[PDB]
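Written below as structure tokens is the structure these notes are about.
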Amino acid sequence: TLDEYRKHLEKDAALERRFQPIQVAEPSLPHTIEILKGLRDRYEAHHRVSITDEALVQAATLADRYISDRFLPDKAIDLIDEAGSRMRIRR
Amino acid sequence: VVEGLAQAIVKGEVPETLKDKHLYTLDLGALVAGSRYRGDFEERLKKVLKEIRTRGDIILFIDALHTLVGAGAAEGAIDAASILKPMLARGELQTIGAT
Amino acid sequence: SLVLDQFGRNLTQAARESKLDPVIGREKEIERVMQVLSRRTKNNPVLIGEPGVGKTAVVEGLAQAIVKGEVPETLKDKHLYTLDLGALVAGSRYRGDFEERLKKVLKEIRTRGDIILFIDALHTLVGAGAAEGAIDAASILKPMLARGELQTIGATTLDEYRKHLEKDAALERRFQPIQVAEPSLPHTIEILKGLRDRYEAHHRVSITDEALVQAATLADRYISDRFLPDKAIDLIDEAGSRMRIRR
Amino acid sequence: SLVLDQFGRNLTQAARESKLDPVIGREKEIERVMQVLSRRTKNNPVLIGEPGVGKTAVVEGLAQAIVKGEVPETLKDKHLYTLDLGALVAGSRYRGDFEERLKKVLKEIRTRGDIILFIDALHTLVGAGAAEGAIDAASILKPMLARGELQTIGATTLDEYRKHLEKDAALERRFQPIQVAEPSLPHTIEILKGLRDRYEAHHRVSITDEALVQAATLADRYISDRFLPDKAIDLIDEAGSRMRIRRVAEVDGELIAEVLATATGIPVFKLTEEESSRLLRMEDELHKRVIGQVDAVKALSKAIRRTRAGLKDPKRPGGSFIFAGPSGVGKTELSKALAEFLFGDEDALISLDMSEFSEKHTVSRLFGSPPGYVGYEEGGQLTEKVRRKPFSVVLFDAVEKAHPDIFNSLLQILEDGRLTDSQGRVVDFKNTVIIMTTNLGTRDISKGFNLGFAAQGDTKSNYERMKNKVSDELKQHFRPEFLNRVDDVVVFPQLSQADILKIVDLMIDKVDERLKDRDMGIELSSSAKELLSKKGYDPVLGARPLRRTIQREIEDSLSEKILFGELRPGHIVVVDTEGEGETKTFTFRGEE
Amino acid sequence: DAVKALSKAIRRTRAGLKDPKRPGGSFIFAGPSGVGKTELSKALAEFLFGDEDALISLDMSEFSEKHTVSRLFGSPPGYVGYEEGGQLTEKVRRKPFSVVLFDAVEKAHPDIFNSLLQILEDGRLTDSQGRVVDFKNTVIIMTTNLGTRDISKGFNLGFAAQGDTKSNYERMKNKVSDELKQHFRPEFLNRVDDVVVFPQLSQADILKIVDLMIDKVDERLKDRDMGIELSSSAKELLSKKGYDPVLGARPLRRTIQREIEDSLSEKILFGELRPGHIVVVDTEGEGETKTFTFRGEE
Ligand SMILES: Nc1ncnc2c1ncn2[C@@H]1O[C@H](COP(=O)(O)OP(=O)(O)OP(=O)(O)O)[C@@H](O)[C@H]1O
Ligand SMILES: Nc1ncnc2c1ncn2[C@@H]1O[C@H](COP(=O)(O)OP(=O)(O)OP(=O)(O)O)[C@@H](O)[C@H]1O
Ligand SMILES: Nc1ncnc2c1ncn2[C@@H]1O[C@H](COP(=O)(O)OP(=O)(O)O)[C@@H](O)[C@H]1O
Ligand SMILES: Nc1ncnc2c1ncn2[C@@H]1O[C@H](COP(=O)(O)OP(=O)(O)O)[C@@H](O)[C@H]1O
Ligand SMILES: [Mg+2]
Ligand SMILES: [Mg+2]
């Protein structure tokens, strides 16, 4: 994590000449849609349910807009898995 | 700069009383590793110190001496500067630091 | 005596080996040290002096006098041992770790019975091992210091003494202050004259008297944040090092 | 007793071997301790007192009384054990070790049934084994202490009692405080008489009764940072050590006075013939540097002679003077001369400039900031300086340039000889000399007549008019209560023409002394001195135009000659004069 | 009058008729300089406990700024010096029965005494740590010289027939009352038990004080095994020489020192007066040329 890296890995002067940093940025909303489409097959197979693209895009938008504590590349997956669990438990 | 000084010593472009005096660098990783508590810490440092005292012509470069000095502000920190206090008072070894 | 050697240094033995620089013109302070050390109670001298003056120098001179020279009774053939409080408190993480080492050191000192302790850089004793449950070194040492059982010599600067030791009226009672004044120009001149030989032996050069006079005067004039008996010696050392590196 | 001896010391056994110093005059405290120890419940006395008084001596005397069998009622052949908390905490790095040791000690005490515990520095009992904070020594000891078992005696200072022991109200509840007061002078003399035998035995010397009386009186009067029983013994011990290192010998009051004088700096040592002769001619010594001003020199000499003859008021400073006079007359010079006479160097004077004390809040520089404010830790500037040097000269220069309300703080200095800084400490000004310099009423030194038509002309000496005007101005400026405490108010007469020649001689001597460092010298003829005196009379501005004239008439020419290389080391420049009237001018000539 | 007031307060306290919710007594000693305002407090303390050293004395010249009041309470929580507590509160708590003296009350800021209200009415004071220290067994004395600036005044501005038949005491009492009402709030003056005005000293008072001052000088001399004895003429001359109705008995002290101690010091330094000897002082001459003569004696 960035905060841990700057707080602890920066002071290790011995390894400063041996490590190189590579930054990873948050995924954009189209990237989130792509990841959701990629995971559609596995999650539908696990939950024994069917999900549509409109659900994907609305879940991504709701996660981006109305959720702040968690972050996009995981919370949309969490929401769709949660919905799949809800559909599984009612039958 | 440290290895520049070492190279200048190696080719001999260095004043007397230092033209045949070896230079070594010390890292805490080797001495800390393989130890359970501070009882093993003192044994290794005292052994290497008596070894260099018998040798008598070793310059010790301790990079990140800032960790050595300021290591008493939290639990689990190893503050060896006081451990490295007495002999430096006698000055039987030469040390080089960077901070 | 290996216990004290682990946590400190022996001064009389080193002085017997001529490993200590000679001291010049400090007879009054060393005599006052003997005066305080011979008291029946509270015989613990403390040297209050600003950095640079010979606070350690007078202790080294006293050690040399004990090795050879005029020394009264009840103080002859004693062993002067310097103890470091910083190394004593290091490595203590559990309950009672710090107290055990200090108790062992005091037991060794009592068993030997002929040791005078020197706690360099005093005023750190007030907060030595002051944990929430552990008792500090001051509380342990107070009964022996007040009854004269333990003989110790401390050194500190005036500001440290006033802002840390004067506030603690209990610990301040058990120490007798001794003032060390900054040497005058002739005193520094003769000190440099005495110390010239060791530096000439160390750096293979020669130092003239006018060089010493100029060093003393210029260090006294152009430097104010340091003090005379040290900056002149630093100037001489720097000149010797520069002459060595040039050749 | 093996486990009990492993963590404590038997005081009764030591008292049986005469290893404890005798205790004198503590019958009431020991009786109260015994009375408290006999209670059914909460029989745990604690002695709270200032550091130095015999708090531990009371317990030692109780142990000696138990050994001697003087103690009646239940306390018969009881064993008093001093507990060592350091041994209990030593080691015990694992859970349940310190608690186990304390439980074992308590079980041993309960089984034997005739053990009385003594815990020196009871304030350390609050935190003993609180590795995380829970079961410590106090929590274990609370029930037995409350129910009446485990009789215990504690000792603590007032500051430690308030700061630490009162943070645990449950533990403080189970103790009955007892006040140990500082002994008076006769009690201190009795204590010194009691301990004389032991101190003579240790120091291998002999001590007279006069030595003990002098030590007690001088320690009570002059040394004010500690308390009576200890600081009196300190003088005797220091004198014994000083006599021992010099090698039966003898210790008298003179040695004690010398020891105190060298410890504190106050000259209380015995008078000598040479010193008495020097004091009797102090006016000449002061006149070796200041010309004229006979009244002020006489007043200063009288004050110093009163101080050194043992006739000064022991509750007021040595002297208080108001030097009122015109500019450049010798007030600051006289103060510097007095400082040089008293201490050997004129830079030992404590000089305070009232030119910068214009704001009324600047009085905070005298004694420091109140609690809770910035700079509170650095308590006082004047008080700190006076505390380090009890015997010194305090000078308030140009008091008319400061706010009038600043001097109210001197009301307790001139009359009571004390000043309290904001931290609560009291610094005594009873051994200092206070001088305040001013130029009030010395403005219009002219007009030897009165405005308007007059018939007789009512001639009067300028000195009398100056004196009356200064008195009126002082009455107008300061409050009556402030002026009522000043010992002497002296007016400096204006400098005369004759004194200018002597001042010129002194200035030329100073110039020659400065010049002799470079192997030089200067000589003058009477004509040159007369010309210098005539050229710079200026009766209004004092002797400052004289320095300016000497600087820009002799220093510049010598400097130019040195720069040109006209003269070399080993030369003695002789200066004469030439011309007449306005043509009079100096001429320089080399010599060897 | 002041001695009667103090004795009445002490007797009422000891007889058991004291109000158990207020201090033993509260007095405002107002009067000119050098009349015995502080001397009476020291004498009361010496009579009470054992000496004048048991007095709790505050010099109000240091409380010039209104933010110094913390020296009575201590710093509030979260500020430097909070753990030290108050300075007056601690002293009173460690000695519940004592005499508290406020010297030169008019030279402090007129807000510090706002903190005395609860002291003078409820007999309590709270420090910054919340602890209550009671004052119900103390005696409060406040000394001042307000309204005494016009003692050396002959008449008022304007024409007037005959003159003021009232002595200096009545005029000074009225002036003190007016100045006290002007300087302090009514609620503060409503809590003070007694206000005592000190009249000036007469010639007989100076003659009597001469004996006490000579006794003090004799004690100082006896400290070196000596002594001094004066004749009646010497005492009368000393009383006549030093006497000013405005400045009290301090000019008498200055006159005594100048006319006795300087000569004694000169004689001791020279060697005429030595231990084991006493000095006898007599008078010579007549009229305004009368002077002192010192004679040694075993
Ligand atoms: N009576 C004197 N004897 C010797 N030197 C004197 C005398 N009066 C003045 N001087 C010389 O004049 C110099 C200036 O006088 P000084 O500093 O004493 O003045 P002051 O009385 O303090 O006046 P000011 O009110 O201006 O401060 C002194 O340093 C000294 O060299
Ligand atoms: N009535 C008196 N009886 C005896 N001595 C007195 C009397 N009045 C004054 N003195 C002497 O004069 C000295 C100074 O008087 P004191 O300190 O009592 O004055 P004060 O009334 O408090 O005035 P100030 O307003 O100046 O503080 C006393 O120490 C004492 O020696
Ligand atoms: N009286 C003296 N005679 C000779 N050398 C002295 C004397 N006093 C001080 N020195 C020299 O000054 C140097 C610095 O003194 P130091 O021991 O550092 O004093 P401190 O520890 O109080 O600063 C020492 O190396 C010592 O050789
Ligand atoms: N009543 C007394 N009789 C004899 N000596 C006393 C008495 N009171 C105090 N002393 C001496 O005072 C010295 C210091 O007292 P101390 O026991 O240190 O008191 P505290 O422990 O309270 O500081 C002791 O050496 C003791 O000899
Ligand atoms: Mg001046
Ligand atoms: Mg008064």
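Every chain in the structure tokens has a letter given in the order shown (A, B, ...), and although residue numbers restart at 1 in each chain, ligands are simply numbered from 1 in the order shown.
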>> Which residues are near ligand 6 in this structure, taking near to mean any atom at most 12 Å from a ligand atom and counting only C-alpha atoms and all ligand atoms? Format them as a PyMOL selection string.
In response: (chain D and resi 411-416+481-482+484-485) or (chain E and resi 29-42+57-61+101-105+141-145+248+250)
Please provide as a compact mmCIF listing (two decimals) with N, CA and C atoms, in the first residue's frame all residues within 12 Å of segment 24-33 of chain B, with the sequence filter that same-chain residues fewer than 4 positions apart are discarded (counting only C-alpha atoms).
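Output saved as out-v9.txt:
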```txt
# COMPACT_ATOMS: atom_id res chain seq x y z
N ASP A 12 14.16 2.37 4.73
CA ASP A 12 15.10 1.27 4.56
C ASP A 12 16.09 1.65 3.46
N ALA A 13 17.10 2.43 3.85
CA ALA A 13 18.08 2.93 2.89
C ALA A 13 18.88 1.81 2.24
N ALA A 14 19.01 0.66 2.90
CA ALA A 14 19.75 -0.45 2.31
C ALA A 14 19.08 -0.96 1.04
N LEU A 15 17.75 -1.04 1.04
CA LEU A 15 17.01 -1.55 -0.10
C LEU A 15 16.55 -0.45 -1.05
N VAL B 2 31.88 6.97 -0.49
CA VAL B 2 32.52 5.94 0.33
C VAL B 2 33.37 5.01 -0.54
N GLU B 3 32.79 4.48 -1.63
CA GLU B 3 33.63 3.64 -2.49
C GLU B 3 34.69 4.44 -3.24
N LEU B 5 36.50 6.82 -1.81
CA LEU B 5 37.57 6.78 -0.82
C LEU B 5 38.22 5.41 -0.78
N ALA B 6 37.42 4.35 -0.84
CA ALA B 6 37.97 2.99 -0.83
C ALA B 6 38.89 2.76 -2.03
N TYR B 37 17.24 -13.30 20.87
CA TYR B 37 17.09 -12.11 21.69
C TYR B 37 18.41 -11.35 21.70
N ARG B 38 18.47 -10.28 22.50
CA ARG B 38 19.64 -9.42 22.53
C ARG B 38 20.87 -10.09 23.14
N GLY B 39 20.71 -11.25 23.77
CA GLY B 39 21.87 -11.99 24.24
C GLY B 39 22.77 -12.43 23.10
N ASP B 40 22.17 -12.85 21.98
CA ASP B 40 22.96 -13.19 20.80
C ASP B 40 23.48 -11.94 20.10
N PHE B 41 22.79 -10.80 20.27
CA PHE B 41 23.23 -9.56 19.64
C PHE B 41 24.61 -9.15 20.14
N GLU B 42 24.81 -9.19 21.46
CA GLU B 42 26.07 -8.72 22.02
C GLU B 42 27.23 -9.64 21.69
N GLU B 43 26.97 -10.95 21.57
CA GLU B 43 28.05 -11.90 21.29
C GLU B 43 28.69 -11.63 19.94
N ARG B 44 27.86 -11.45 18.90
CA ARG B 44 28.40 -11.23 17.56
C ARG B 44 29.15 -9.91 17.47
N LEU B 45 28.58 -8.84 18.03
CA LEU B 45 29.24 -7.54 17.96
C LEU B 45 30.54 -7.54 18.76
N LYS B 46 30.55 -8.16 19.94
CA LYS B 46 31.78 -8.22 20.72
C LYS B 46 32.83 -9.07 20.02
N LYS B 47 32.42 -10.15 19.36
CA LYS B 47 33.37 -10.99 18.64
C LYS B 47 33.99 -10.22 17.48
N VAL B 48 33.17 -9.54 16.68
CA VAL B 48 33.72 -8.80 15.55
C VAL B 48 34.56 -7.63 16.04
N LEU B 49 34.19 -7.02 17.17
CA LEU B 49 34.97 -5.90 17.69
C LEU B 49 36.33 -6.36 18.20
N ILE B 52 38.46 -7.05 15.09
CA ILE B 52 39.04 -5.86 14.46
C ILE B 52 40.07 -5.21 15.36
N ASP B 57 43.63 -2.54 11.89
CA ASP B 57 43.75 -1.69 10.71
C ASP B 57 42.49 -1.77 9.85
N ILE B 58 41.33 -1.68 10.49
CA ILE B 58 40.04 -1.76 9.80
C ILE B 58 39.27 -0.48 10.06
N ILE B 59 38.79 0.14 8.98
CA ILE B 59 37.88 1.29 9.06
C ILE B 59 36.47 0.77 8.82
N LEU B 60 35.57 1.03 9.77
CA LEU B 60 34.21 0.54 9.71
C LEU B 60 33.30 1.61 9.13
N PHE B 61 32.64 1.30 8.02
CA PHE B 61 31.62 2.16 7.44
C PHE B 61 30.26 1.58 7.81
N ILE B 62 29.47 2.35 8.56
CA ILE B 62 28.15 1.92 8.99
C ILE B 62 27.15 2.85 8.33
N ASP B 63 26.62 2.44 7.18
CA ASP B 63 25.59 3.21 6.51
C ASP B 63 24.32 3.19 7.36
N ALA B 64 23.54 4.26 7.24
CA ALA B 64 22.31 4.44 8.02
C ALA B 64 22.60 4.38 9.52
N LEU B 65 23.63 5.12 9.94
CA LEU B 65 23.88 5.29 11.37
C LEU B 65 22.73 6.02 12.06
N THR B 67 19.64 5.12 11.92
CA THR B 67 18.92 4.04 12.58
C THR B 67 19.63 3.60 13.85
N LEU B 68 20.97 3.58 13.83
CA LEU B 68 21.72 3.15 15.00
C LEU B 68 21.50 4.09 16.18
N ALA B 77 12.58 -1.53 18.97
CA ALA B 77 13.68 -0.90 18.27
C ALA B 77 15.00 -1.25 18.94
N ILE B 78 16.01 -1.55 18.12
CA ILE B 78 17.32 -1.96 18.60
C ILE B 78 18.24 -0.74 18.52
N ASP B 79 18.59 -0.19 19.69
CA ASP B 79 19.45 0.99 19.78
C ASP B 79 20.84 0.52 20.19
N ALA B 80 21.72 0.34 19.21
CA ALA B 80 23.08 -0.11 19.46
C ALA B 80 24.07 1.04 19.58
N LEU B 93 38.85 2.44 17.07
CA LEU B 93 38.39 2.14 15.73
C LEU B 93 37.90 3.42 15.06
N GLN B 94 37.94 3.43 13.73
CA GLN B 94 37.48 4.55 12.93
C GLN B 94 36.16 4.18 12.27
N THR B 95 35.17 5.06 12.38
CA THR B 95 33.84 4.80 11.84
C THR B 95 33.43 5.94 10.91
N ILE B 96 32.69 5.57 9.86
CA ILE B 96 32.18 6.51 8.87
C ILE B 96 30.68 6.31 8.74
N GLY B 97 29.92 7.41 8.81
CA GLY B 97 28.48 7.33 8.73
C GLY B 97 27.93 8.26 7.68
```
Sorted per-residue table, chain C near ligand 3, closest atoms and distance, 6 Å, only C-alpha atoms and all ligand atoms, as a Markdown table:
```
| residue | atom | partner | partner_atom_place_in_ligand_line | distance |
| --- | --- | --- | --- | --- |
| C:21 | CA | ligand 3 | 27 (O) | 5.6 |
| C:22 | CA | ligand 3 | 4 (C) | 5.6 |
| C:23 | CA | ligand 3 | 3 (N) | 3.4 |
| C:24 | CA | ligand 3 | 3 (N) | 4.0 |
| C:25 | CA | ligand 3 | 1 (N) | 5.6 |
| C:26 | CA | ligand 3 | 1 (N) | 5.4 |
| C:51 | CA | ligand 3 | 23 (O) | 4.6 |
| C:52 | CA | ligand 3 | 23 (O) | 3.9 |
| C:53 | CA | ligand 3 | 22 (O) | 4.9 |
| C:54 | CA | ligand 3 | 8 (N) | 3.5 |
| C:55 | CA | ligand 3 | 22 (O) | 3.8 |
| C:56 | CA | ligand 3 | 17 (O) | 4.3 |
| C:57 | CA | ligand 3 | 8 (N) | 4.9 |
| C:191 | CA | ligand 3 | 4 (C) | 5.0 |
| C:229 | CA | ligand 3 | 12 (O) | 5.5 |
| C:230 | CA | ligand 3 | 12 (O) | 5.1 |
```
> When DSSP works through the backbone of this structure, what residues of segment 424-493 of chain D end up as helix (DSSP H, G or I), shown as a PyMOL selection string?
Replying inline: chain D and resi 462-477+480-483
> Would you name the residues within 9 Å of ligand 5, counting only C-alpha atoms and all ligand atoms, and put them as number ranges by chain?
Replying inline: D: 327-333, 397-398, 437-438
With C-alpha atoms retained, export the selected residues as an mmCIF file, in the first residue's frame.
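Output contents, as saved in selection-v6.cif:
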```cif
data_model
loop_
_atom_site.group_PDB
_atom_site.id
_atom_site.type_symbol
_atom_site.label_atom_id
_atom_site.label_comp_id
_atom_site.auth_asym_id
_atom_site.auth_seq_id
_atom_site.Cartn_x
_atom_site.Cartn_y
_atom_site.Cartn_z
ATOM 1 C CA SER D 327 25.543 64.101 33.585
ATOM 2 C CA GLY D 328 29.143 62.905 33.555
ATOM 3 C CA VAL D 329 29.895 63.483 37.238
ATOM 4 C CA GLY D 330 31.006 59.996 38.300
ATOM 5 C CA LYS D 331 27.971 58.049 39.508
ATOM 6 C CA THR D 332 28.454 54.954 37.348
ATOM 7 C CA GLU D 333 32.207 55.377 37.804
ATOM 8 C CA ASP D 397 20.727 53.161 36.233
ATOM 9 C CA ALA D 398 18.594 56.143 35.159
ATOM 10 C CA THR D 437 21.245 56.591 39.927
ATOM 11 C CA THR D 438 19.239 59.553 38.660
#
```
> Could you pull the residues within 10 Å of segment 186-197 of chain E, counting only C-alpha atoms, minus those fewer than 6 positions along the same chain, as a ChimeraX atom specification?
Replying inline: /E:1-3,5-6,9,23-32,37,113-121,140-145,169-170,172-174,176-177,180
> Within 8 Å of ligand 4, counting only C-alpha atoms and all ligand atoms, which protein or nucleic acid residues do you find, written as a PyMOL selection string?
Replying inline: (chain C and resi 41+146-147+170) or (chain D and resi 21-26+49-58+155-157+191-192+194-195+229-230+233)
With C-alpha atoms kept, could you save the residues just selected as a PDB file, in the first residue's frame?
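Saved the output as again18.pdb:
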```pdb
ATOM      1  CA  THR C  41      28.048  11.876  54.671  1.00  0.00           C
ATOM      2  CA  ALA C 146      22.499   9.888  51.646  1.00  0.00           C
ATOM      3  CA  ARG C 147      24.374   7.633  54.102  1.00  0.00           C
ATOM      4  CA  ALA C 170      15.735  15.105  47.278  1.00  0.00           C
TER       5      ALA C 170
ATOM      6  CA  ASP D  21      23.469   7.737  65.040  1.00  0.00           C
ATOM      7  CA  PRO D  22      21.877   9.010  68.271  1.00  0.00           C
ATOM      8  CA  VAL D  23      18.590  10.912  68.119  1.00  0.00           C
ATOM      9  CA  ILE D  24      18.123  13.997  70.301  1.00  0.00           C
ATOM     10  CA  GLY D  25      14.958  15.862  71.217  1.00  0.00           C
ATOM     11  CA  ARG D  26      12.387  13.892  69.196  1.00  0.00           C
ATOM     12  CA  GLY D  49       8.210  16.551  56.197  1.00  0.00           C
ATOM     13  CA  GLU D  50      10.606  18.761  54.304  1.00  0.00           C
ATOM     14  CA  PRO D  51      13.876  17.211  53.048  1.00  0.00           C
ATOM     15  CA  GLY D  52      16.560  17.588  55.694  1.00  0.00           C
ATOM     16  CA  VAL D  53      14.583  17.240  58.908  1.00  0.00           C
ATOM     17  CA  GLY D  54      14.974  14.022  60.856  1.00  0.00           C
ATOM     18  CA  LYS D  55      12.200  11.954  59.291  1.00  0.00           C
ATOM     19  CA  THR D  56      14.376   8.832  59.160  1.00  0.00           C
ATOM     20  CA  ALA D  57      16.010   9.862  62.439  1.00  0.00           C
ATOM     21  CA  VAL D  58      12.629   9.483  64.159  1.00  0.00           C
ATOM     22  CA  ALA D 155       8.216   8.469  55.416  1.00  0.00           C
ATOM     23  CA  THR D 156       7.621  11.054  52.702  1.00  0.00           C
ATOM     24  CA  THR D 157       8.296  14.659  51.774  1.00  0.00           C
ATOM     25  CA  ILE D 191      21.859  17.705  67.935  1.00  0.00           C
ATOM     26  CA  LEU D 192      25.327  18.999  67.040  1.00  0.00           C
ATOM     27  CA  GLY D 194      25.155  14.748  70.269  1.00  0.00           C
ATOM     28  CA  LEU D 195      26.822  14.048  66.916  1.00  0.00           C
ATOM     29  CA  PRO D 229      19.501  20.082  60.930  1.00  0.00           C
ATOM     30  CA  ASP D 230      21.318  19.080  57.729  1.00  0.00           C
ATOM     31  CA  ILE D 233      26.025  19.330  60.021  1.00  0.00           C
TER      32      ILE D 233
END
```
> Got a sec to tell me which of segment 123-365 of chain D DSSP assigns to strand (DSSP E), as a ChimeraX atom specification?
Replying inline: /D:152-156,176-179,319-324,350-353
